[PDB]
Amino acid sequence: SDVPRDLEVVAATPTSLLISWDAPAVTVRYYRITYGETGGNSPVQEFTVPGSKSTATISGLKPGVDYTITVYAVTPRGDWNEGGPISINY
């Protein structure tokens, strides 16, 4: 219940991704996004987005080689507690 249920791809023009999740019921501190290389040695990488923004952007991928994208929700408690890794393969 601490996980957004959204983020199917939007605006697939550039060598990037524009994802958009929708309003988890609990208060959100930050959002964490990971990506990259489904079946390979996995050059995974991330970046931080404030909890008020519902969109993000990624960079540095091959010409549409079907990456894997995950998004985490960060609880406003402790230093950094999170959970609910909703994922999509695009």
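Numbering starts at 1 and follows the sequence shown.
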Going by the mean C-alpha B-factor recorded in the entry, which is higher: 64 to 72 or 6 to 14? 6 to 14
Report the stretch with the higher mean CA temperature factor, choosing between 16 to 24 and 73 to 81 on the basis of the entry. 16 to 24
Would the CA B-factor of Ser59 place it in the lowest, middle or highest third of its chain? middle
C-alpha B factor of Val49, ranked within the chain: lowest, middle or highest third? middle
